[PDB]
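> Supplied in structure tokens, the structure appears directly below.
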Amino acid sequence: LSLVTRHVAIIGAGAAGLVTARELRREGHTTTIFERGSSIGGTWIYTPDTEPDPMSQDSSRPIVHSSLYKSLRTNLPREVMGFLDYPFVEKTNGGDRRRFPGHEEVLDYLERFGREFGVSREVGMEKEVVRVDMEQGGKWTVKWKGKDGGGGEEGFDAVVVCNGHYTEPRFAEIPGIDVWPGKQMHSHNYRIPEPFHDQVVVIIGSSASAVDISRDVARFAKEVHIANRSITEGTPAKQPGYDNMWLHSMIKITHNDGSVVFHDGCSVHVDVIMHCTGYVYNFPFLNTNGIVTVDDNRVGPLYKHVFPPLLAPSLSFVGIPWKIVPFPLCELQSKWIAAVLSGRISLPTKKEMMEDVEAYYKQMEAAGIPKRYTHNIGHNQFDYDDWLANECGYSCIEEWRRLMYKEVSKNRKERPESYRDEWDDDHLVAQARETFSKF
Ligand SMILES: Cc1cc2nc3c(=O)[nH]c(=O)nc-3n(C[C@H](O)[C@H](O)[C@H](O)COP(=O)(O)OP(=O)(O)OC[C@H]3O[C@@H](n4cnc5c(N)ncnc54)[C@H](O)[C@@H]3O)c2cc1C
């Protein structure tokens, strides 16, 4: 039609920022991309660096952005993970050719992406956004700080926040922890298992990620005990395939002599307690005069998890949802944002957007769902993707991709120790590679 070109800031050059830059460019917009680090890739850049505070609670601490540990492999098959128009297939020669590869293979994929779509060369590196303010007129000023202690600022029609949400930790509440004498850490600082050699380690977490770290630690630890509050029956349970790993429901009490008692009665002397309890949203740079808040991991209000109703479309967020396949979701979110900014498609009125968020909050409340699951969309994530695709006029998520997700979700819960290397959906792989031909 008669489109409109906007000048847009992108905050972050992880996977979300990379695809957002591409989708804004494809729709005719100009952009400035700010990346605090020295390379693109965000979380997928493994670093052995860890924060000086093992609990990552000291407010003046240096921040390490990545939470990856060294042996991490994807928890999704690579066919499922790729951008919709950029299949995450094997390289022509070399690399990690496994269906569930290591993090290095994902980073290489994002770097190839950044080159293929001309995004990488435009990222302003070592530019940390420290302040984002709305100007009288509806424009935005992004102020940034550089490596040398320099910095600057720039005005924008719109700002897309792509800063990730897997860096600022949240924690478990452990009874008696104030008198427990051992080592306490957050998994944000977990990298390698060797320093746990012959230690007794408690891992607190209910996700399959906590099981991954437990199995990694169990390579050297004397004993690994998982406190998994979603478990209610049959503990203490040995982990199949491991002689030195046990599953529990929850810590009942920690003691001054180092012992930890689980609800199932198991008592053990513990050297290390690791919180694998996840993260919180954190946008210290963002000044909205209270229009956007973060409250027990509810961000917003955000229309469709993206647009603050009062500030839409000049402010938007890519990659808020969790329990998702992230790369195609961020792709479709930023495709939607770009088409809105260009005028090719419309948003509802501010009042209608605000009513939609309120309706969603009341559905949650009428279903007993606590605040902190507001952006958890694991059950209907591809319906959400398809809603975005229909807004943009893009194809819907492939059926093989829905089915692969259900299959790996089932295998991850049933066989956490083997789902990455033993699978039975070769027929879905066949389908996926068929659709990949056109690219
Ligand atoms: C342990 C772990 C395992 C995972 N495994 C999988 C998996 O197997 N498969 C999968 O598809 N997904 C997985 N994910 C999800 C992963 O987060 C997404 O794949 C995706 O990387 C989200 O990227 P992002 O761009 O939103 O955030 P990030 O990767 O965090 O990137 C955000 C970027 O913004 C930059 N930034 C932050 N603040 C500023 C600022 N103020 N100014 C300038 N720049 C800034 C950061 O430096 C960073 O580069 C995993 C996540 C974790 C934590």
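How things are named: the first chain in the structure tokens is A, the next is B, and so on; residues count from 1 in each chain; ligands count from 1 in the order shown.
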Running DSSP on the backbone, which parts of stretch 282-379 of chain A land in strand (DSSP E or B), as a list in words?
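Answer for stretch 282-379 of chain A restricted to strand (DSSP E or B) is residues 286, 293, 294, 295, 298, 299, 300, 303, 307, 315, 316, 317, 322 and 376 of chain A.
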> Mind dumping the selected residues with N, CA and C atoms as a PDB file, in the first residue's frame?

```
ATOM      1  N   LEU A 286      14.669   1.517  31.480  1.00  0.00           N
ATOM      2  CA  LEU A 286      13.409   1.879  30.849  1.00  0.00           C
ATOM      3  C   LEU A 286      12.603   2.793  31.767  1.00  0.00           C
ATOM      4  N   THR A 293       5.252  -1.649  34.381  1.00  0.00           N
ATOM      5  CA  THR A 293       5.862  -2.164  35.602  1.00  0.00           C
ATOM      6  C   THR A 293       6.183  -3.645  35.453  1.00  0.00           C
ATOM      7  N   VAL A 294       7.032  -4.124  36.361  1.00  0.00           N
ATOM      8  CA  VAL A 294       7.326  -5.545  36.526  1.00  0.00           C
ATOM      9  C   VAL A 294       6.920  -5.908  37.941  1.00  0.00           C
ATOM     10  N   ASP A 295       5.988  -6.852  38.079  1.00  0.00           N
ATOM     11  CA  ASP A 295       5.450  -7.227  39.385  1.00  0.00           C
ATOM     12  C   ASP A 295       5.315  -8.741  39.430  1.00  0.00           C
ATOM     13  N   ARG A 298       5.087 -10.360  36.175  1.00  0.00           N
ATOM     14  CA  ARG A 298       4.080  -9.825  35.260  1.00  0.00           C
ATOM     15  C   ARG A 298       4.589  -8.478  34.746  1.00  0.00           C
ATOM     16  N   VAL A 299       4.885  -8.418  33.455  1.00  0.00           N
ATOM     17  CA  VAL A 299       5.345  -7.189  32.816  1.00  0.00           C
ATOM     18  C   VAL A 299       4.154  -6.501  32.167  1.00  0.00           C
ATOM     19  N   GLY A 300       4.008  -5.208  32.408  1.00  0.00           N
ATOM     20  CA  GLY A 300       3.124  -4.426  31.578  1.00  0.00           C
ATOM     21  C   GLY A 300       2.235  -3.453  32.318  1.00  0.00           C
ATOM     22  N   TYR A 303      -0.148  -5.645  25.626  1.00  0.00           N
ATOM     23  CA  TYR A 303      -1.111  -6.232  24.713  1.00  0.00           C
ATOM     24  C   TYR A 303      -0.413  -7.329  23.920  1.00  0.00           C
ATOM     25  N   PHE A 307       2.941  -4.990  23.389  1.00  0.00           N
ATOM     26  CA  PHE A 307       2.681  -3.552  23.276  1.00  0.00           C
ATOM     27  C   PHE A 307       2.100  -2.978  24.560  1.00  0.00           C
ATOM     28  N   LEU A 315       6.531   1.893  21.620  1.00  0.00           N
ATOM     29  CA  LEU A 315       7.326   1.048  22.500  1.00  0.00           C
ATOM     30  C   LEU A 315       6.778  -0.368  22.407  1.00  0.00           C
ATOM     31  N   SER A 316       7.673  -1.342  22.244  1.00  0.00           N
ATOM     32  CA  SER A 316       7.275  -2.741  22.164  1.00  0.00           C
ATOM     33  C   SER A 316       8.380  -3.629  22.733  1.00  0.00           C
ATOM     34  N   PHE A 317       8.008  -4.874  23.043  1.00  0.00           N
ATOM     35  CA  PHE A 317       8.918  -5.857  23.633  1.00  0.00           C
ATOM     36  C   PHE A 317       8.897  -7.130  22.803  1.00  0.00           C
ATOM     37  N   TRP A 322       7.547 -17.105  27.843  1.00  0.00           N
ATOM     38  CA  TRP A 322       8.452 -18.195  28.191  1.00  0.00           C
ATOM     39  C   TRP A 322       7.711 -19.522  28.134  1.00  0.00           C
ATOM     40  N   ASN A 376       3.779 -17.108  30.644  1.00  0.00           N
ATOM     41  CA  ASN A 376       3.949 -18.524  30.345  1.00  0.00           C
ATOM     42  C   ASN A 376       2.871 -18.924  29.353  1.00  0.00           C
TER      43      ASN A 376
END
```
> Once you count only C-alpha atoms and all ligand atoms, which residues end up within 8 Å of ligand 1, and could you hand them over as an mmCIF file with C-alpha atoms, in the first residue's frame?

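As written to disk, part.cif reads:
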```
data_model
loop_
_atom_site.group_PDB
_atom_site.id
_atom_site.type_symbol
_atom_site.label_atom_id
_atom_site.label_comp_id
_atom_site.auth_asym_id
_atom_site.auth_seq_id
_atom_site.Cartn_x
_atom_site.Cartn_y
_atom_site.Cartn_z
ATOM 1 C CA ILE A 11 17.953 -2.800 22.453
ATOM 2 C CA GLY A 12 20.006 -6.022 22.400
ATOM 3 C CA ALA A 13 21.506 -8.204 19.659
ATOM 4 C CA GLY A 14 20.707 -11.676 20.920
ATOM 5 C CA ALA A 15 18.404 -13.821 18.819
ATOM 6 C CA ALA A 16 15.455 -11.494 19.508
ATOM 7 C CA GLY A 17 17.286 -8.321 18.456
ATOM 8 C CA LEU A 18 18.841 -10.001 15.413
ATOM 9 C CA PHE A 34 22.535 -1.332 20.546
ATOM 10 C CA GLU A 35 24.483 -4.288 21.947
ATOM 11 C CA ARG A 36 26.205 -4.072 25.328
ATOM 12 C CA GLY A 37 28.619 -6.942 24.586
ATOM 13 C CA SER A 39 29.669 -9.930 19.832
ATOM 14 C CA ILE A 40 26.142 -10.878 18.795
ATOM 15 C CA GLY A 41 24.315 -13.900 20.154
ATOM 16 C CA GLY A 42 23.341 -12.962 23.685
ATOM 17 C CA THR A 43 22.742 -15.977 25.911
ATOM 18 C CA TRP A 44 24.179 -18.344 23.290
ATOM 19 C CA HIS A 65 24.967 -12.049 30.716
ATOM 20 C CA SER A 66 25.053 -15.731 29.707
ATOM 21 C CA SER A 67 23.766 -18.555 31.943
ATOM 22 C CA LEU A 68 24.975 -21.384 29.681
ATOM 23 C CA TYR A 69 27.090 -24.136 31.204
ATOM 24 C CA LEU A 72 24.800 -27.550 27.463
ATOM 25 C CA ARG A 73 22.954 -29.042 24.492
ATOM 26 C CA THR A 74 19.631 -27.798 23.124
ATOM 27 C CA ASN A 75 16.502 -29.099 24.851
ATOM 28 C CA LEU A 76 14.640 -28.872 21.515
ATOM 29 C CA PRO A 77 15.521 -30.684 18.277
ATOM 30 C CA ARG A 78 17.258 -28.331 15.906
ATOM 31 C CA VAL A 80 12.022 -27.050 15.757
ATOM 32 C CA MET A 81 14.321 -24.207 16.864
ATOM 33 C CA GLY A 82 15.122 -22.475 13.572
ATOM 34 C CA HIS A 103 25.395 -24.342 22.362
ATOM 35 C CA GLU A 126 29.852 -2.238 23.291
ATOM 36 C CA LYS A 127 27.000 0.265 23.564
ATOM 37 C CA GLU A 128 24.991 -0.253 26.735
ATOM 38 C CA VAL A 129 21.585 1.414 26.784
ATOM 39 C CA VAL A 130 21.306 3.097 30.192
ATOM 40 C CA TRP A 144 23.928 4.660 25.851
ATOM 41 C CA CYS A 162 15.064 -7.150 23.051
ATOM 42 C CA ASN A 163 17.221 -7.403 26.163
ATOM 43 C CA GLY A 164 16.377 -10.982 27.227
ATOM 44 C CA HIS A 165 15.086 -12.251 30.583
ATOM 45 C CA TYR A 166 17.564 -14.969 31.618
ATOM 46 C CA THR A 167 20.159 -12.934 33.526
ATOM 47 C CA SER A 209 16.978 -27.719 33.042
ATOM 48 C CA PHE A 283 14.740 -3.308 32.426
ATOM 49 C CA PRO A 284 16.692 -0.810 34.551
ATOM 50 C CA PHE A 285 17.118 1.570 31.599
ATOM 51 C CA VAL A 318 10.189 -8.927 21.751
ATOM 52 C CA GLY A 319 10.706 -12.235 23.542
ATOM 53 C CA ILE A 320 8.765 -11.715 26.790
ATOM 54 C CA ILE A 324 8.268 -21.286 24.205
ATOM 55 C CA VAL A 325 10.229 -22.158 21.106
ATOM 56 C CA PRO A 326 11.848 -18.698 21.016
ATOM 57 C CA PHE A 327 13.327 -18.053 17.544
ATOM 58 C CA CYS A 330 10.390 -13.580 18.171
#
```
> For residue A:6, which of A:27, A:168, A:421, A:426 is the closest residue, counting only C-alpha atoms?
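With only C-alpha atoms as the atom set, the closest residue is A:27.
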> Find the residue from A:419, A:140, A:109, A:117 that sits nearest to residue A:89; use only C-alpha atoms when measuring.
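Nearest to residue A:89: A:109.
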> From stretch 192-253 of chain A, collect each residue whose DSSP state is helix (DSSP H, G or I) and return the set as a PDB file with N, CA, C and O atoms, in the first residue's frame.

```pdb
ATOM      1  N   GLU A 194      33.573 -30.189  37.390  1.00  0.00           N
ATOM      2  CA  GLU A 194      34.785 -30.612  38.100  1.00  0.00           C
ATOM      3  C   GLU A 194      34.919 -30.062  39.529  1.00  0.00           C
ATOM      4  O   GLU A 194      35.308 -30.838  40.420  1.00  0.00           O
ATOM      5  N   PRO A 195      34.644 -28.785  39.826  1.00  0.00           N
ATOM      6  CA  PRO A 195      34.792 -28.322  41.216  1.00  0.00           C
ATOM      7  C   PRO A 195      33.820 -28.963  42.199  1.00  0.00           C
ATOM      8  O   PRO A 195      33.980 -28.756  43.405  1.00  0.00           O
ATOM      9  N   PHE A 196      32.827 -29.723  41.735  1.00  0.00           N
ATOM     10  CA  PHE A 196      31.900 -30.441  42.605  1.00  0.00           C
ATOM     11  C   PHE A 196      32.365 -31.870  42.889  1.00  0.00           C
ATOM     12  O   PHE A 196      31.616 -32.655  43.475  1.00  0.00           O
ATOM     13  N   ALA A 208      13.203 -29.301  33.560  1.00  0.00           N
ATOM     14  CA  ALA A 208      14.147 -30.262  32.997  1.00  0.00           C
ATOM     15  C   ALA A 208      15.559 -29.684  32.947  1.00  0.00           C
ATOM     16  O   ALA A 208      16.537 -30.436  32.939  1.00  0.00           O
ATOM     17  N   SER A 209      15.678 -28.359  32.905  1.00  0.00           N
ATOM     18  CA  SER A 209      16.978 -27.719  33.042  1.00  0.00           C
ATOM     19  C   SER A 209      17.669 -28.127  34.352  1.00  0.00           C
ATOM     20  O   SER A 209      18.878 -28.411  34.374  1.00  0.00           O
ATOM     21  N   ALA A 210      16.919 -28.164  35.458  1.00  0.00           N
ATOM     22  CA  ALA A 210      17.524 -28.568  36.721  1.00  0.00           C
ATOM     23  C   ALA A 210      18.011 -30.010  36.647  1.00  0.00           C
ATOM     24  O   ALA A 210      19.067 -30.348  37.198  1.00  0.00           O
ATOM     25  N   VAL A 211      17.285 -30.866  35.924  1.00  0.00           N
ATOM     26  CA  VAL A 211      17.735 -32.243  35.770  1.00  0.00           C
ATOM     27  C   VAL A 211      19.013 -32.306  34.932  1.00  0.00           C
ATOM     28  O   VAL A 211      19.916 -33.099  35.225  1.00  0.00           O
ATOM     29  N   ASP A 212      19.109 -31.478  33.880  1.00  0.00           N
ATOM     30  CA  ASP A 212      20.324 -31.415  33.067  1.00  0.00           C
ATOM     31  C   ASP A 212      21.541 -31.056  33.915  1.00  0.00           C
ATOM     32  O   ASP A 212      22.607 -31.671  33.798  1.00  0.00           O
ATOM     33  N   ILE A 213      21.417 -30.014  34.732  1.00  0.00           N
ATOM     34  CA  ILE A 213      22.548 -29.599  35.546  1.00  0.00           C
ATOM     35  C   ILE A 213      22.898 -30.682  36.556  1.00  0.00           C
ATOM     36  O   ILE A 213      24.077 -31.015  36.742  1.00  0.00           O
ATOM     37  N   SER A 214      21.875 -31.272  37.195  1.00  0.00           N
ATOM     38  CA  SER A 214      22.093 -32.374  38.133  1.00  0.00           C
ATOM     39  C   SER A 214      22.886 -33.499  37.490  1.00  0.00           C
ATOM     40  O   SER A 214      23.844 -34.016  38.081  1.00  0.00           O
ATOM     41  N   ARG A 215      22.491 -33.907  36.279  1.00  0.00           N
ATOM     42  CA  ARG A 215      23.220 -34.984  35.614  1.00  0.00           C
ATOM     43  C   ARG A 215      24.652 -34.563  35.300  1.00  0.00           C
ATOM     44  O   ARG A 215      25.584 -35.369  35.427  1.00  0.00           O
ATOM     45  N   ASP A 216      24.844 -33.297  34.910  1.00  0.00           N
ATOM     46  CA  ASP A 216      26.185 -32.785  34.650  1.00  0.00           C
ATOM     47  C   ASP A 216      27.028 -32.817  35.918  1.00  0.00           C
ATOM     48  O   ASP A 216      28.151 -33.327  35.912  1.00  0.00           O
ATOM     49  N   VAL A 217      26.485 -32.288  37.019  1.00  0.00           N
ATOM     50  CA  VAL A 217      27.179 -32.283  38.305  1.00  0.00           C
ATOM     51  C   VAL A 217      27.451 -33.708  38.775  1.00  0.00           C
ATOM     52  O   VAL A 217      28.511 -34.001  39.343  1.00  0.00           O
TER      53      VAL A 217
END
```
> Compare A:413, A:401, A:351, A:29 by their minimum atom-to-atom distance to residue A:157, counting only C-alpha atoms, and give me the closest one.
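The answer is A:29, which sits nearest to residue A:157.
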> Find the distance between atom CA of residue A:70 and atom CA of residue A:428 and write it in Å to one decimal.
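Computing the Euclidean distance for atom CA of residue A:70 and atom CA of residue A:428 yields 29.5 Å.
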> I'd like the interatomic distance between atom CA of residue A:113 and atom CA of residue A:63, to a tenth of an Å.
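Separating atom CA of residue A:113 from atom CA of residue A:63 is a distance of 26.6 Å.
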> Kindly indicate which residue among A:270, A:47, A:412, A:310 lies nearest to residue A:349, using only C-alpha atoms for the distances.
A:310
> Can you list, as a PyMOL selection string, every protein, DNA or RNA residue that comes within 10 Å of stretch 135-137 of chain A when you count only C-alpha atoms, leaving out same-chain residues fewer than 2 positions away?
chain A and resi 132-133+139-141+155-157
> Please write the residues from the selection above to a file, keeping C-alpha atoms, as an mmCIF file, in the first residue's frame.

```cif
data_model
loop_
_atom_site.group_PDB
_atom_site.id
_atom_site.type_symbol
_atom_site.label_atom_id
_atom_site.label_comp_id
_atom_site.auth_asym_id
_atom_site.auth_seq_id
_atom_site.Cartn_x
_atom_site.Cartn_y
_atom_site.Cartn_z
ATOM 1 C CA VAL A 132 15.160 5.307 27.487
ATOM 2 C CA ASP A 133 12.857 8.331 27.817
ATOM 3 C CA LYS A 139 9.444 10.310 20.244
ATOM 4 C CA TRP A 140 12.007 8.403 22.303
ATOM 5 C CA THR A 141 15.567 9.197 23.331
ATOM 6 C CA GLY A 155 16.168 10.129 18.990
ATOM 7 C CA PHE A 156 13.743 7.540 17.627
ATOM 8 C CA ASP A 157 10.184 7.109 16.441
#
```
> With only C-alpha atoms as the counted atoms, please give the residues lying no more than 12 Å from stretch 228-231 of chain A, apart from itself and same-chain residues fewer than 5 positions off, as a PDB file with C-alpha atoms, in the first residue's frame.

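What follows is the written file result-v2.pdb:
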```pdb
ATOM      1  CA  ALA A 172      13.922 -20.354  46.341  1.00  0.00           C
ATOM      2  CA  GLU A 173      12.789 -19.783  49.927  1.00  0.00           C
ATOM      3  CA  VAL A 202      21.409 -30.089  46.334  1.00  0.00           C
ATOM      4  CA  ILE A 203      19.812 -28.705  43.154  1.00  0.00           C
ATOM      5  CA  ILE A 204      16.527 -26.851  43.752  1.00  0.00           C
ATOM      6  CA  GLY A 205      14.355 -26.716  40.649  1.00  0.00           C
ATOM      7  CA  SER A 206      11.319 -28.267  38.959  1.00  0.00           C
ATOM      8  CA  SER A 207      12.334 -27.851  35.298  1.00  0.00           C
ATOM      9  CA  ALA A 208      14.147 -30.262  32.997  1.00  0.00           C
ATOM     10  CA  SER A 209      16.978 -27.719  33.042  1.00  0.00           C
ATOM     11  CA  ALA A 210      17.524 -28.568  36.721  1.00  0.00           C
ATOM     12  CA  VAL A 211      17.735 -32.243  35.770  1.00  0.00           C
ATOM     13  CA  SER A 214      22.093 -32.374  38.133  1.00  0.00           C
ATOM     14  CA  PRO A 236      13.535 -40.573  47.757  1.00  0.00           C
ATOM     15  CA  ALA A 237      13.743 -41.830  44.159  1.00  0.00           C
ATOM     16  CA  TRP A 246      18.291 -38.813  44.044  1.00  0.00           C
ATOM     17  CA  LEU A 247      14.978 -37.009  43.517  1.00  0.00           C
ATOM     18  CA  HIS A 248      13.086 -35.319  46.348  1.00  0.00           C
ATOM     19  CA  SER A 249      10.086 -33.061  46.640  1.00  0.00           C
ATOM     20  CA  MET A 250      11.356 -30.178  48.749  1.00  0.00           C
ATOM     21  CA  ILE A 251      13.730 -29.086  51.467  1.00  0.00           C
ATOM     22  CA  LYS A 252      12.000 -29.275  54.830  1.00  0.00           C
ATOM     23  CA  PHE A 262      13.888 -33.280  52.797  1.00  0.00           C
ATOM     24  CA  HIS A 263      10.143 -33.672  53.222  1.00  0.00           C
ATOM     25  CA  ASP A 264      10.473 -37.397  52.474  1.00  0.00           C
ATOM     26  CA  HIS A 275      19.101 -22.551  43.182  1.00  0.00           C
ATOM     27  CA  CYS A 276      17.944 -23.556  39.691  1.00  0.00           C
ATOM     28  CA  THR A 277      14.892 -21.375  40.211  1.00  0.00           C
TER      29      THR A 277
END
```
> Looking at A:170, A:183, A:191, A:121, which one is nearest to residue A:57, with distances taken over only C-alpha atoms?
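Among A:170, A:183, A:191, A:121, it is A:170 that comes nearest to residue A:57.
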